[PDB]
Every structure is written in C-alpha cells, then in structure tokens.
Amino acid sequence: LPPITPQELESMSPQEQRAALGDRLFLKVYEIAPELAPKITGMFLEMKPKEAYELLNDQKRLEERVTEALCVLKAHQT
Amino acid sequence: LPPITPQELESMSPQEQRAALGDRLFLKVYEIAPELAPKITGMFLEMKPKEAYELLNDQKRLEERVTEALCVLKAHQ
Amino acid sequence: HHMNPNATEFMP
Amino acid sequence: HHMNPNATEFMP
C-alpha cells in the first residue's frame, strides 16, 4: 500500500478517509501487535483524521501510541 | 482537602487549577502508588483541567488511569 | 480524547 | 490522549 498524499486525503469522503487510513494503520500496528491490531486500529480511528495520518508518517509516535493503546486495554481488564 | 466545585475551578487561573487539582490528585494516587505518586500525578496534570477534575469524582476510573500510567512507565523500561 | 477501550474493531 | 512517561513530577 503506497502512502496517501495530503491532497488525496482532503479529496476523500469521511468514510473513504477512514478505510484508507485504517488499512494503512492496520498494517503498521500488525507488525507490533498482530493479535490486537483490529482493536488498536479501531481505537486510533477515533482520533481526528489529521492525527491518524500523522501516525503513518512518524514511526516513533505510532509505536508510542500502540504502547498507550495496549496500556489502556490492560487497565480496562483491571 | 475539601473538594473543588466546578464553579471554583472555572474561576481559577491555569496555574491555580494545576496546584489545586494536583494536590488532590496526589493524595488519591498516593493511596494506590505512594512511591510513584509524584510521577503519576505529573502525568495526569497534562490532561485538560475538566478531564483531570473528572478523575477526582470517579474513583473507579481514577484507579484505572493509575494502572494505565504504571503500564506506560513499565513499558518505558 | 483519552483512547477508548470499547472502540469498534477495524477489519481491513 | 496523554500518558507521557517523561512528564514532570508533581510535588505538593
């Protein structure tokens, strides 16, 4: 999956943005947390599409956000 | 410490809010994690004041957030 | 704004 | 969403 350009993203509907961002976020999350990638991707997609798009272009910040999501999920079990 | 009312909180400066919310968050976090309470309270105080205030009146979600912060600190190792 | 553990899962 | 392990400690 080639990256989405900012021009493309603003030319898409809200639901098209979600599918394109979700697909590309899922692949990156799957490399870190393959089993929980669907749920963590769903958690990311609640953010504004500009913030979700930033994660695709900042691997350090994506990895931090995956850790944050796992910790939210771990705390939810308690 | 006595609790803050929402009317008081909205009438305080940002630094007045942080000190009032911090002192109260610290006491509650200290009962759960007395050693890491300064660090965890500092992590909490990066929230918006309305979000941090909601933790003071929701003990169950406060405990969840302490667990979350401990998890983040552990992953930082 | 805090991430939601009840969020709906995403399937590609 | 904020849970920053580098945050400054709060001392009362």
# chains A, B, ... in the order shown; residues from 1 in each chain; ligands from 1
>>> interface_residues(of="chain A", to="chain B", cutoff="7 Å", atoms="only C-alpha atoms", output="ChimeraX atom specification")
/A:68,71-72,75-76
>>> closest_atom_pairs(of="segment 2-29 of chain A", to="chain C", cutoff="8 Å", atoms="only C-alpha atoms", output="tab-separated table")
residue	atom	partner	partner_atom	distance
A:19	CA	C:12	CA	7.5
A:22	CA	C:12	CA	7.0
A:23	CA	C:12	CA	5.2
A:26	CA	C:12	CA	7.2
>>> write_last_selection(atoms="C-alpha atoms", output="PDB file, in the first residue's frame")
ATOM      1  CA  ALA A  19     -10.952   2.993   5.176  1.00  0.00           C
ATOM      2  CA  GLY A  22      -7.482   2.208   8.704  1.00  0.00           C
ATOM      3  CA  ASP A  23      -5.973  -0.086   6.081  1.00  0.00           C
ATOM      4  CA  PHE A  26      -3.601  -1.765  10.467  1.00  0.00           C
TER       5      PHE A  26
END
>>> calpha_fit_and_write(fixed="chain D", moving="chain C", output="PDB file with N, CA and C atoms, in the first residue's frame")
ATOM      1  N   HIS C   1      -2.815  12.837  23.994  1.00  0.00           N
ATOM      2  CA  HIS C   1      -3.803  12.467  25.002  1.00  0.00           C
ATOM      3  C   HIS C   1      -3.382  11.212  25.762  1.00  0.00           C
ATOM      4  N   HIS C   2      -2.610  10.353  25.101  1.00  0.00           N
ATOM      5  CA  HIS C   2      -1.968   9.245  25.795  1.00  0.00           C
ATOM      6  C   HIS C   2      -1.038   9.792  26.874  1.00  0.00           C
ATOM      7  N   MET C   3      -1.092   9.190  28.061  1.00  0.00           N
ATOM      8  CA  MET C   3      -0.330   9.710  29.189  1.00  0.00           C
ATOM      9  C   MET C   3       1.163   9.697  28.882  1.00  0.00           C
ATOM     10  N   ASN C   4       1.861  10.700  29.411  1.00  0.00           N
ATOM     11  CA  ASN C   4       3.233  10.990  29.024  1.00  0.00           C
ATOM     12  C   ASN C   4       4.190  10.511  30.105  1.00  0.00           C
ATOM     13  N   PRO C   5       5.006   9.480  29.851  1.00  0.00           N
ATOM     14  CA  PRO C   5       5.968   9.032  30.870  1.00  0.00           C
ATOM     15  C   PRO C   5       7.074  10.035  31.146  1.00  0.00           C
ATOM     16  N   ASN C   6       7.231  11.059  30.311  1.00  0.00           N
ATOM     17  CA  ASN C   6       8.227  12.098  30.530  1.00  0.00           C
ATOM     18  C   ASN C   6       7.659  13.311  31.249  1.00  0.00           C
ATOM     19  N   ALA C   7       6.459  13.199  31.811  1.00  0.00           N
ATOM     20  CA  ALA C   7       5.826  14.336  32.466  1.00  0.00           C
ATOM     21  C   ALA C   7       6.654  14.803  33.660  1.00  0.00           C
ATOM     22  N   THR C   8       6.529  16.091  33.981  1.00  0.00           N
ATOM     23  CA  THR C   8       7.254  16.655  35.113  1.00  0.00           C
ATOM     24  C   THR C   8       6.613  16.210  36.422  1.00  0.00           C
ATOM     25  N   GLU C   9       7.440  15.773  37.369  1.00  0.00           N
ATOM     26  CA  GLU C   9       6.928  15.309  38.650  1.00  0.00           C
ATOM     27  C   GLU C   9       6.280  16.455  39.419  1.00  0.00           C
ATOM     28  N   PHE C  10       5.248  16.125  40.190  1.00  0.00           N
ATOM     29  CA  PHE C  10       4.576  17.088  41.050  1.00  0.00           C
ATOM     30  C   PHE C  10       4.971  16.849  42.501  1.00  0.00           C
ATOM     31  N   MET C  11       5.437  17.903  43.166  1.00  0.00           N
ATOM     32  CA  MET C  11       5.686  17.863  44.600  1.00  0.00           C
ATOM     33  C   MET C  11       4.693  18.772  45.306  1.00  0.00           C
ATOM     34  N   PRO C  12       3.924  18.262  46.278  1.00  0.00           N
ATOM     35  CA  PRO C  12       2.938  19.051  47.027  1.00  0.00           C
ATOM     36  C   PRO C  12       3.575  20.164  47.854  1.00  0.00           C
TER      37      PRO C  12
END
>>> closest_residue(among="B:38, B:14, B:6, B:49", to="chain D", atoms="only C-alpha atoms")
B:38
>>> residues_around(residues="residue 25 of chain A", least_positions_apart="5", cutoff="10 Å", atoms="only C-alpha atoms", output="PyMOL selection string")
(chain A and resi 19-20+30+37-38+40-42+44-45+52-53+55-56+62) or (chain C and resi 10+12)
>>> interface_residues(of="chain B", to="chain D", cutoff="6 Å", atoms="only C-alpha atoms", output="NGL selection string")
:B and (23 or 38-39 or 41-43 or 73)
>>> write_last_selection(atoms="N, CA, C and O atoms", output="JSON list (two decimals), in the first residue's frame")
[["chain", "number", "residue", "atom", "x", "y", "z"],
["B", 23, "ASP", "N", -2.69, 18.78, 44.01],
["B", 23, "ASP", "CA", -2.68, 18.39, 45.42],
["B", 23, "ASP", "C", -3.72, 17.32, 45.70],
["B", 23, "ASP", "O", -3.46, 16.37, 46.45],
["B", 38, "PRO", "N", 4.30, 11.15, 42.76],
["B", 38, "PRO", "CA", 4.70, 12.40, 42.09],
["B", 38, "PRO", "C", 4.73, 12.27, 40.57],
["B", 38, "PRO", "O", 4.24, 13.15, 39.86],
["B", 39, "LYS", "N", 5.30, 11.17, 40.07],
["B", 39, "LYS", "CA", 5.40, 10.98, 38.62],
["B", 39, "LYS", "C", 4.03, 10.81, 37.99],
["B", 39, "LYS", "O", 3.72, 11.43, 36.96],
["B", 41, "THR", "N", 1.03, 11.68, 39.16],
["B", 41, "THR", "CA", 0.28, 12.92, 39.24],
["B", 41, "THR", "C", 0.73, 13.91, 38.17],
["B", 41, "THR", "O", -0.10, 14.59, 37.55],
["B", 42, "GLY", "N", 2.03, 13.98, 37.92],
["B", 42, "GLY", "CA", 2.52, 14.83, 36.85],
["B", 42, "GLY", "C", 2.02, 14.40, 35.48],
["B", 42, "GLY", "O", 1.68, 15.24, 34.64],
["B", 43, "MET", "N", 1.95, 13.09, 35.25],
["B", 43, "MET", "CA", 1.38, 12.58, 34.01],
["B", 43, "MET", "C", -0.09, 12.96, 33.89],
["B", 43, "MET", "O", -0.55, 13.35, 32.81],
["B", 73, "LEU", "N", 4.76, 3.52, 32.25],
["B", 73, "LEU", "CA", 6.08, 3.63, 32.86],
["B", 73, "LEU", "C", 6.86, 2.32, 32.75],
["B", 73, "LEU", "O", 8.07, 2.34, 32.48]]
>>> select_by_dssp(residues="chain B", states="alpha helix (DSSP H)", output="JSON, numbers by chain")
{"B": [6, 7, 8, 9, 10, 14, 15, 16, 17, 18, 19, 20, 21, 22, 23, 24, 25, 26, 27, 28, 29, 30, 31, 32, 37, 38, 39, 40, 41, 42, 43, 44, 49, 50, 51, 52, 53, 54, 55, 56, 59, 60, 61, 62, 63, 64, 65, 66, 67, 68, 69, 70, 71, 72, 73, 74, 75]}
>>> write_last_selection(atoms="C-alpha atoms", output="tab-separated table (two decimals), in the first residue's frame")
chain	number	residue	atom	x	y	z
B	6	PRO	CA	-16.84	23.25	39.20
B	7	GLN	CA	-17.75	26.89	39.83
B	8	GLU	CA	-14.46	27.43	41.68
B	9	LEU	CA	-12.39	25.60	39.08
B	10	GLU	CA	-13.62	27.73	36.18
B	14	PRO	CA	-4.45	27.83	34.84
B	15	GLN	CA	-1.69	27.65	37.47
B	16	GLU	CA	-4.22	27.88	40.31
B	17	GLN	CA	-6.12	24.98	38.76
B	18	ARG	CA	-2.99	22.85	38.39
B	19	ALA	CA	-1.96	23.31	42.03
B	20	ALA	CA	-5.47	22.63	43.35
B	21	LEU	CA	-6.06	19.62	41.10
B	22	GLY	CA	-2.51	18.36	41.63
B	23	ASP	CA	-2.68	18.39	45.42
B	24	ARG	CA	-5.97	16.49	45.35
B	25	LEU	CA	-4.95	14.03	42.64
B	26	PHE	CA	-1.69	13.40	44.51
B	27	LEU	CA	-3.47	12.40	47.73
B	28	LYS	CA	-5.63	9.85	45.92
B	29	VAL	CA	-2.79	8.46	43.78
B	30	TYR	CA	-0.60	8.23	46.90
B	31	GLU	CA	-3.04	5.75	48.46
B	32	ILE	CA	-2.61	3.49	45.40
B	37	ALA	CA	2.65	9.28	43.06
B	38	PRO	CA	4.70	12.40	42.09
B	39	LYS	CA	5.40	10.98	38.62
B	40	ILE	CA	1.87	9.69	38.01
B	41	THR	CA	0.28	12.92	39.24
B	42	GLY	CA	2.52	14.83	36.85
B	43	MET	CA	1.38	12.58	34.01
B	44	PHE	CA	-2.25	13.23	34.98
B	49	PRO	CA	-8.46	20.63	33.74
B	50	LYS	CA	-12.00	19.35	33.14
B	51	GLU	CA	-10.67	15.85	32.41
B	52	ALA	CA	-8.41	15.87	35.47
B	53	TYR	CA	-11.30	17.10	37.61
B	54	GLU	CA	-13.49	14.20	36.46
B	55	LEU	CA	-10.91	11.76	37.83
B	56	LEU	CA	-11.30	13.29	41.31
B	59	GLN	CA	-12.68	6.70	41.96
B	60	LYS	CA	-13.05	3.68	39.68
B	61	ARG	CA	-11.74	5.48	36.59
B	62	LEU	CA	-9.00	7.10	38.68
B	63	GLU	CA	-7.74	3.64	39.65
B	64	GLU	CA	-7.87	2.54	36.00
B	65	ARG	CA	-5.78	5.57	34.99
B	66	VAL	CA	-3.17	4.80	37.65
B	67	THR	CA	-2.90	1.26	36.28
B	68	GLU	CA	-2.60	2.72	32.78
B	69	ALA	CA	0.17	5.11	33.85
B	70	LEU	CA	2.05	2.31	35.62
B	71	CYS	CA	1.79	0.24	32.43
B	72	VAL	CA	3.22	3.12	30.38
B	73	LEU	CA	6.08	3.63	32.86
B	74	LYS	CA	6.87	-0.10	32.82
B	75	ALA	CA	6.97	-0.13	29.01
